[PDB]
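K.L.:
Shown below is the structure under consideration.
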Amino acid sequence: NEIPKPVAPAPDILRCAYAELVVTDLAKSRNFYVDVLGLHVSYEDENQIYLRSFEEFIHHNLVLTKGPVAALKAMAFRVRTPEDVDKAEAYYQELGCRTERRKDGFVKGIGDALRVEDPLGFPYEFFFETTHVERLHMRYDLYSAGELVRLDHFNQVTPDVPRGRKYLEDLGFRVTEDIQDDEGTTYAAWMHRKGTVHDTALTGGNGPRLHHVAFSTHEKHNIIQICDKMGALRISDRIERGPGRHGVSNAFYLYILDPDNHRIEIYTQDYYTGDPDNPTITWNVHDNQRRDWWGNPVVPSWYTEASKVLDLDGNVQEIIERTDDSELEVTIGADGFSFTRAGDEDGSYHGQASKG
Amino acid sequence: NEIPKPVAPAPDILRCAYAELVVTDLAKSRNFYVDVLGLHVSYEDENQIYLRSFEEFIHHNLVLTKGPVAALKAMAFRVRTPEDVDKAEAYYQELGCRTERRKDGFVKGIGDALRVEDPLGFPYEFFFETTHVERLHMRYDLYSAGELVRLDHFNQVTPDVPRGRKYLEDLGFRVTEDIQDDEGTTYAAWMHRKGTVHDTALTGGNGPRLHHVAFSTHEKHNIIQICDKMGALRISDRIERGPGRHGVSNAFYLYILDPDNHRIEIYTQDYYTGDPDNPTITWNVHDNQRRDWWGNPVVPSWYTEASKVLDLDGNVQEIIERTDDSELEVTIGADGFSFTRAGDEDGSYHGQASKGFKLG
Amino acid sequence: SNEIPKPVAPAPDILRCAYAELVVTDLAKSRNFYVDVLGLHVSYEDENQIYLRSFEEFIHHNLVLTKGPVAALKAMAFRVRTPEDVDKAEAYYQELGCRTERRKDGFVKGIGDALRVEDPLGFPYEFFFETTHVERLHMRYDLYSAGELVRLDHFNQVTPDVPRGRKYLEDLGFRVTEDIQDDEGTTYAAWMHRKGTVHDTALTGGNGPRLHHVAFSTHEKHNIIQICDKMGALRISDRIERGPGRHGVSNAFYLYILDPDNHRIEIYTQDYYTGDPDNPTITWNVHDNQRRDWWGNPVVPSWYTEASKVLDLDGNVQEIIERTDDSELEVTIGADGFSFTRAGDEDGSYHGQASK
Amino acid sequence: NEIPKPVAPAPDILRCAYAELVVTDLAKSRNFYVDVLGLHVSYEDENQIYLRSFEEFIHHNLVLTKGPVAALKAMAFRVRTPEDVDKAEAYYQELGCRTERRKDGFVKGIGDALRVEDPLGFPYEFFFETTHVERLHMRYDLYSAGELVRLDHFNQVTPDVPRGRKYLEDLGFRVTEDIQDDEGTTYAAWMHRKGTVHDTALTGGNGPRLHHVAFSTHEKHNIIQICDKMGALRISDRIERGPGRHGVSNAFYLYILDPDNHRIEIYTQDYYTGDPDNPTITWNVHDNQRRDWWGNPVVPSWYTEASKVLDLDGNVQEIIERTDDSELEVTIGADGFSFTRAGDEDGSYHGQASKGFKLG
Ligand SMILES: O=C(O)Cc1ccc(O)c(O)c1
Ligand SMILES: [Ca+2]
Ligand SMILES: [Cl-]
Ligand SMILES: [Cl-]
Ligand SMILES: [Cl-]
Ligand SMILES: [Fe+2]
Ligand SMILES: [Fe+2]
Ligand SMILES: [Fe+2]
Ligand SMILES: [Fe+2]
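Residue numbers (the entry's author numbering), protein chains in the order written: chain A, 3 to 358; chain B, 3 to 362; chain C, 2 to 357; chain D, 3 to 362.
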């Protein structure tokens, strides 16, 4: 049922800022994120690793926290002013959501912060205050052939996309692209605060689950190098999907799996969305160029697998089942369909994925 | 001489949107911007060419207007709402500036628009309404090896950088980087509204003049290809400076000259500046990696040459001489100095440019 | 045995692969693919043929498209070092008992004295020295496409008995650089060279003679990406067969696409130097899931089963001989096949299924 | 003083294979070649460092030998068979050159080898036997953003280019490109054995001196990264020239200087030359696109500075002065000139370099 628009003003959200991920083996996770992927350590101890991308000046973009059950603990957005943390708290209380505020932060390098169990069951954090660190954007002495340069977005699995979309729109996120069919079903939506295609996105599925966290590279060859490195390390089985060109977003991309199966996307070269009348793009779910522009098939695991999320007590959120049609089933399942050219039988696929 | 902060609220500016350049030979200019550089035509007739970048959805990023004297006619910024055009009007009127309002626009594909003679003598346009066109961002069947994908920024030559900087800060532009010395002189500042290093910038010098308009590419090889193509067309004399890596902005770059000597920068891969406490970077004017990170010398024309700007009547604005120290003189001139490593004489340059060159 | 005995006559000194003549059924449709989509440069054309070359070529052409009733390879041509090498080629193939045809004025425009042969594997080979030089476009950056094809790199031939063909090609002066074998002693594929790259031709085990593909190179990996992107924009992504990827064998970045008659074209870049005579030969195990695609992406079955007909010297289709040796498709992705990411490790292995 | 063609057959040369450079401080040289540039160690001790590129399978491409005077000690070419070492010995003996044969090599990982003081005063080595090592071409776990993938070529400074060219042609090198003027002077020539633009090249100047050793990258961005890294390390003063696109060779390039001022070129994407009638390309010396296609000026040090070379006793070879015209002088000197378009004054430079600089 619809989530009401509060009377209270929404906080001014700048961008996605960091994710806190619970991991089971801190050493194995460090090897993946630091040794394989080259993220930069801002702080570490025996319980947590704080990591940042090459161009970041805030304390971190990723916190790995040792715990018993691998899951998303918080997806954090930075707000414009300290007063926006107050606005966030008032807004979510009006929404009837559980909130927790700590003046000294939940993780190192973040000050006054509000965590909330949002209407879709996700742990959101809003903060302004953060400890500045050395911005490594010109440290070409450190630069990796696969260098991850920015945190770009999150992607959330939720059972009712329109319900979630309206809520995020009220919160100030503008939809840039979406996937629908001719029967009124929405399968996915992308929405932004900062001037890129998205800061978060909704993928229709059983939820709440975290689909992925995405980092940017400068160039397409940097993504290719990550694949090449993973072949050399003989861990190509942890490449899930890609590399490719997205239809939706137009970005070059790759999806890989961390030691706890948390999915990480590598992403580059989407477009500017900062104008308020930025044209919304709607794709048909049966268009075989919507996810991979080259028509490469989307592996079923990409649709079915995603990370658990925690509530404010650190317990796993119960999963609610999607009743709307499944993107997997309608495109690549036994009764699925996709096309290369709308209305052309040639280059269409019935009851199977593209390319054989 | 300080420009006061108006009581009237500043318009909410989104980004640089387009420039209108007066050109003397429309066909020669079209050859440069369309045939050489690959910009996309939104409209053209005997008097004007309207051009846009690969990823743009507003009507245009560049208007070429035939006229007797080559000059910048307007640098245009898009504002967030129609109401912001009224705000801009009230703001500049409070500053004591001349303003002109046209409900149906000054150029095709722009609606209600305000043009102003700003306090630094520059013709700024503010608008919201614009005719949307086909966004070509996935038209890879059109994509050039040198494709210009966005309009990124303007750069303005002005004699008193602190005076201009304060005015633009009150307008909502935050300074991301600057160049100063230890004697209190500011030589240049970069300032933004959209989340990149800048939408405009001030370069110290006699002004008002337009230093350049900058377009972005996706990747560094795209900029390399523009150079390569200019060599194949045997117009390498129109490559002024570059390609290089900037210190300030960290962008890969190239400067080229159009048929009327309007300078165009091609630019890629600067960083995100959208957070309100984005760290402001100050480089010393004597640091030889500040403009070109690799230490390549900055050709003197880059410091001395820039385009005329017009007032609202279309007449050239009179030039006011800079009295602050000259970046050229203090770095590559007779009594100039630059260093590679602060405090190291090794890799320093005295009275000449880096890499074995002197001023011609 | 059915070995191809080494002639006493000296082998012609072969420089490199030089051009292919492909018979096509609709010349205008083929022109649109090779010129408009792929950007090859016209060296001559009329109502029956189109002659095309790559960006860095100075000989007359790398590809001749000839209108005919049945799409097929008509000749795969190698340039020899001197005019006398055409004589050597004729004596060599005559000793092998092969049908030969010598045209002192060439078979196609821009080639002079030329010998065509029905080789012992049933392939139409041409050997020539004389060719009309044309403008080398290597610095014509005013013409350069975002997907520019810069050189002709190699051919790949489907033949039933790889060792038989390999020894024949070795006698002809081709050195094997890489191959794929199993522990039981079966050879599935071999790559072999004259010029200093991984190959000028290659043998893929299968029913033959059939032409598997013709390969062109690009300068950089982004040029191959652009070809894919362009094909998506033209809504012909169904003509992208496999890739883009990193090869295991050759280490080259690659893509396979299909022309209007289903002739397969590979785009290829950045293999390694093989010109030293003791260049180390690399043998991969057939069950290694990084041998073909280094990133472990699956090889679609059509890549193993589909290939172009070849013609005899009368222009008739050559009869096909079925492979009796084990099938690479069957032993890797068929019902009883398997592959591994790490030898000996069931984690990352695939059984009776392809990867991913 | 022409060098006659021997009756004895030339050795069959495959390619350039390695250079032995004498360096004065082994640790500082190691920092440059291993830490800055990322070359791979095949062997090292207190006296020498043996280095190879990413795709090499022979033992090394570069030997750094500690010694009192920095210099080229040997430029080594691999020959096709063991018997070609005997052919090289007979060939150079017929030429009247000093030869030294060591059945177990001069440096580690090379077997039977011949070193000669060649007719141009250069120390050449010919060998077949070399210890194979792990070919790192797919070791993407090691791959750096600036990875050097192959040894491509040498470049030699010699006073009489036609005299040297003839000698190298008799040895089997074929000329691919050269630079001449209308009055019949030759300034430079490029020549090959393997199917690239060159394995060695001759630059007119006082000699024998070693101009540079060149390594390849996969892509242009790899060269850009080397520049970026040198800026981050605050050693941009060791970037001599570039990055650029060459006219001659069409390769993307960069020139940097090691701790002893030995010049290293980074290079990529030249073209195939393996056909025996490969078209030769001759450029006019006044063509400002011949060296840098984009017309960027050639720094005077590029023309004047080069490394000493040693004789077989390890003593520095005496230098012979060039008497033919100087490329520096005829192009960028006070009486030089260059053009963008032949015959066009627009885009031409007289008495100075392109882009607005004169000689420092
Ligand atoms: O199938 C693969 O991926 C192996 C491979 C390597 C080199 C090639 O040129 C080719 O066509 C196939
Ligand atoms: Ca001072
Ligand atoms: Cl997707
Ligand atoms: Cl600059
Ligand atoms: Cl040069
Ligand atoms: Fe994503
Ligand atoms: Fe700029
Ligand atoms: Fe191939
Ligand atoms: Fe060189």
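We treat Cβ as the ideally placed atom computed from N, Cα and C, and that holds for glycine.
#1: Beta carbon of residue 62(D): closer than 7 Å to some heavy atom of ligand 5?
#2: Check each residue of the segment 278-296 of chain A: if its Cβ is closer than 8 Å to any Cβ of chain C, include it; give the result in chain order.
#3: Check residue 193(D) in the structure and name its three-state DSSP category.
#4: Give me, in chain order, the residues of the same chain whose beta-carbon lies closer than 6 Å to that of residue 54(B); leave out the 5 immediate sequence neighbours on both sides.
#5: Is the shortest distance between the beta-carbon of residue 140(C) and the beta-carbons of chain B less than 8 Å?
#6: Among 355(D), 333(D), 262(D) and 313(D), which one has its Cα closest to the Cα of residue 25(D)?
#7: Taking a cut-off of 5 Å, which residues have a beta-carbon closer than that to any heavy atom of ligand 9, in chain order?
#8: For the segment 12-63 of chain B, list the beta strand (DSSP E) runs that are entirely contained and at least 3 residues long, ordered along the chain.
#9: Any Cβ of chain A within less than 8 Å of the Cβ of residue 44(C)?
#10: Taking DSSP's pairing of strands, which residues face residue 158(C) in a bridge?
#11: For residue 56(D), which option in 136(D), 225(D) and 180(D) has the closest C-alpha, if you only look at C-alpha atoms?
#12: With 9 Å as the limit, tell me which residues of the segment 221-236 of chain C have their beta carbon closer than that to any beta carbon of chain A; keep them in chain order.
#13: State the DSSP-derived secondary structure class of residue 224(B), mapped to helix, strand or coil.
#14: Spatial neighbours of residue 8(D) within its chain, please: CB distance less than 7 Å, with the 5 preceding and 5 following residues excluded, ordered by chain position.
#15: Excluding five sequence neighbours on each side, which residues of the same chain lie with their C-beta closer than 7 Å to the C-beta of residue 259(A)?
#16: Measuring straight from C-alpha to C-alpha, what distance separates residue 307(C) and residue 151(D)?
#17: Just to be sure I understand the criterion: a residue counts if its Cβ is closer than 7 Å to at least one heavy atom of ligand 4. Which residues meet that?
#18: Flag residue 214(B) as yes when its Cβ comes closer than 7 Å to any non-hydrogen atom of ligand 7, and as no otherwise.
#19: Ignore the nearest five residues each way along the sequence and tell me which others in residue 295(D)'s own chain have a CB closer than 6 Å to its CB.
#20: Contact between the segment 326-340 of chain C and the segment 98-107 of chain C is defined here as three or more beta-carbon pairs at a separation below 8 Å; is this criterion met?
#21: Using C-beta distances below 6 Å, list every residue in its chain close to residue 358(C), excluding the 5 sequence neighbours before and after it, in chain order.
#22: Assign residue 49(A) to buried or exposed, taking buried as 16 or more other Cβ atoms, counted over all protein chains shown, within 10 Å of its Cβ.
#23: What would DSSP say about residue 65(B), mapped onto helix, strand or coil?
#24: Would you say residue 52(A) lies against chain D (beta-carbon separation less than 8 Å)?
#25: Which residues end up in the neighbourhood of ligand 2 when you take C-beta atoms closer than 6 Å to any of its heavy atoms?
#26: Residue 33(A): buried (16+ other C-beta within 10 angstroms of its C-beta) or exposed?
#27: Beta strand (DSSP E) containing residue 273(C): first to last residue?
#28: Taking only beta-carbon positions, decide if residue 361(D) is within less than 8 Å of chain B.
#29: For ligand 8, any of its heavy atoms closer than 7 Å to the Cβ of residue 155(C)?
#30: Taking a Cβ distance cut-off of 8 Å, strictly less, list which residues of the segment 338-350 of chain C are near chain A, in chain order.
#31: Using beta carbons (cut-off 8 Å, strictly below), is residue 303(C) in contact with chain A?
#32: With a threshold of 7 Å, establish whether the CB of residue 308(D) neighbours any heavy atom of ligand 6.
#33: For residue 180(B), does the three-state DSSP call read helix, strand or coil?
#34: So, helix, strand or coil for residue 289(D), using DSSP?
#35: According to the neighbour-count rule (16 or more other Cβ atoms, all chains shown, within 10 Å of its Cβ), is residue 318(C) buried or exposed?
#36: Beta-carbon within less than 8 Å of residue 231(D)'s beta-carbon, same chain only, minus the 5 sequence neighbours each way: which residues are those?
P.N.:
So, from the data block:
#1: Checking the Cβ of residue 62(D) against ligand 5 gives no.
#2: Here the close residues are 290, 291, 295 and 296.
#3: strand
#4: 42, 44, 62 and 63
#5: yes
#6: 262(D)
#7: 157(D), 216(D) and 267(D)
#8: 15-25, 42-46 and 50-54
#9: no
#10: 204(C) and 212(C)
#11: 136(D)
#12: Answer set for the segment 221-236 of chain C: 221, 222, 223, 226, 229, 230, 232, 233, 234 and 236.
#13: helix
#14: Excluding positions up to five away in sequence, the list reads 93, 96 and 97.
#15: 240, 242 and 265
#16: 36 Å
#17: 248(B), 250(B), 293(B), 294(B) and 300(B)
#18: Look at residue 214(B): its beta carbon is less than 7 Å from one of the heavy atoms in ligand 7.
#19: 247 and 249
#20: no
#21: Past the edges of chain C, shown from 2 to 357, lies residue 358(C), and the structure says nothing about it.
#22: exposed
#23: strand
#24: no
#25: Counting every residue whose Cβ lies closer than 6 Å to a heavy atom of ligand 2, we get 183(B), 184(B) and 185(B).
#26: exposed
#27: No beta strand (DSSP E) holds residue 273(C); DSSP gives it neither H nor E.
#28: yes
#29: yes
#30: Per Cβ criterion, the list reads 342, 343, 348 and 349.
#31: Yes, residue 303(C) lies at the interface with chain A (some Cβ there is under 8 Å from its Cβ).
#32: No; taking the cut-off as 7 Å, the Cβ of residue 308(D) has no heavy atom of ligand 6 nearer than that.
#33: strand
#34: Note: residue 289(D) maps to strand in three-state DSSP.
#35: exposed
#36: 38, 147 and 148
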